[PDB]
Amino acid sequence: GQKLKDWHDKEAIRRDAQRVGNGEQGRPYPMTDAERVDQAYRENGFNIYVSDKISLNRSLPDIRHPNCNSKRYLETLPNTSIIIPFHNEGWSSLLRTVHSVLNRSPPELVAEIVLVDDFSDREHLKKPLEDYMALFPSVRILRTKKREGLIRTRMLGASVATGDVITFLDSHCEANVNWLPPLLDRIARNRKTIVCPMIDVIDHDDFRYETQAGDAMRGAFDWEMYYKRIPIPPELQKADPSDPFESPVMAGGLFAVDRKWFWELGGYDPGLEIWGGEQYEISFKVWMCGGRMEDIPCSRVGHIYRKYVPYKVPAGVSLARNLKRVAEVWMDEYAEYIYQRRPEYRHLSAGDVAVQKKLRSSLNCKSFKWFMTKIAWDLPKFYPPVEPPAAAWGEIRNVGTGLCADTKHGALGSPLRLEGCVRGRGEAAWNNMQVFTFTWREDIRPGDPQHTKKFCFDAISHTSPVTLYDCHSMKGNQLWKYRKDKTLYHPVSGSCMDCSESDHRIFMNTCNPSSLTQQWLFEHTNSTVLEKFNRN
């Protein structure tokens, strides 16, 4: 008995496609001064004024892969308990999340929808929410007795679920067309596989719906434990780009997992606080202890990434203590790589992690070395546990004008001006930043090679100036080369770096070896590194 089935509710797709109105089809909302106010963000970190003006049943673009519409899945699948943790979430944003589930999910595959109130103090989340959800049979509200935080809140929900697999979602998401079956099917085939849908963006301003940059990518992180996304290496890339693909680390709130398998792993470290950490612990657990983690390209859910965090966090809580707890129990020797960047994580009491450590042994999991080597082998490529030395660092002095490269500390995107060399002898009042580093990544960022900033030398046109745009280990507009001719050749622009003898900014122009306004000289260097990525 393994009969397939097409779960595409076509009629729906049609009626949703013929829907009209603001925000419809995922388009940006017609902003007006009335919605641009600073008070429209104060409660959620995202524009609640706009959300209120958008339909709780709005329609979304089907930005799936062309193949996804043609897939079919097991006629019979295990039911799921969709669990949603919330804390002072906005009325319209939360309602929309649920509607999207009640309308885009096959009722039969939905055992129950449990909203879990994490001690919210907002009035609309009390009686009104109750009366509103009462009209919806499958929906159920379960509150906590005190502020637990997202981890414990998700645990409470998971401890009451009755469905075959547990699905977690944030309280400000919008599931797209036919998302649930592809997550359930995959688990029906492999009970120990955790599945994560493609997480799309919902603009915290105009609410347009759209895929994140680079779309389908692999999860990972830097050594300060900030979640990161990196390209799927070619050797791992699947034949059919719409098929499930392994991922090292999950994003965090959007994922499904078999209920038994979940608890078999011990769920989350109850010691984790309000936010952050549970995504790494759960991620290392599935892998190191026999399971697997996969992204289902055919399954997409929108999520509103906050502009800032509104809720308050209890005193005596630190993201650090969480990470440290995870670092001790699963990362082994690699934890030391976290401390080298953040020393305070050494003499920082990570509470009692004895119980968890005991869970790790009772599971017979592999070492963290195994994880990094077989599952996350590409992460060290962009985030090496130890970074290669730099090529050149210090002050960039232009031979032509004799002046030094400077920056009025305009990290938002200010041009790369040119001022008189300070050398650290100048008055620290003229906001002078004449220190730079040609990092191993082949990019140029401000600051000492030990304390660089996440801003790189970004240059578009082979004539445009040079700005400081957010970096990214993707040799493009931030790819530079320092040649024997003392120039900063920009291959992606075919031009070189040139300044103005009329005391202005710096701009791109035709390369000219025998010149001066394009000849620069760093203070310190390591030819051994320069001699590297200089050849084709």
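Residues carry their position along the shown sequence, with the first being 1.
- Averaged over Cα atoms, the B-factor as recorded in the entry is higher for 68 to 76 than for the other of 68 to 76 and 225 to 233.
- Averaged over CA atoms, B-factors in the entry run higher in 316 to 324 than in the other of 316 to 324 and 144 to 152.
- Per the deposited coordinates, the residue with the largest Cα temperature factor out of 82, 435, 239, 404 is 404.
- Listed residues 293, 411, 335, 188 were ranked by CA B-factor as deposited; 411 comes out on top.
- Ranked by C-alpha B-factor against the other modelled residues of its chain, residue 453 falls in the highest third.
- Ranked against the other modelled residues of its chain, the C-alpha B-factor of residue 26 as given in the entry falls in the lowest third.
- In the deposited entry, the Cα temperature factor of residue 483 places it in the highest third of its chain's modelled residues.
- When all modelled residues of the chain are sorted by CA temperature factor, residue 393 is found within the highest third.
- In the PDB entry, residue 300 places in the lowest third of its chain by CA B-factor.
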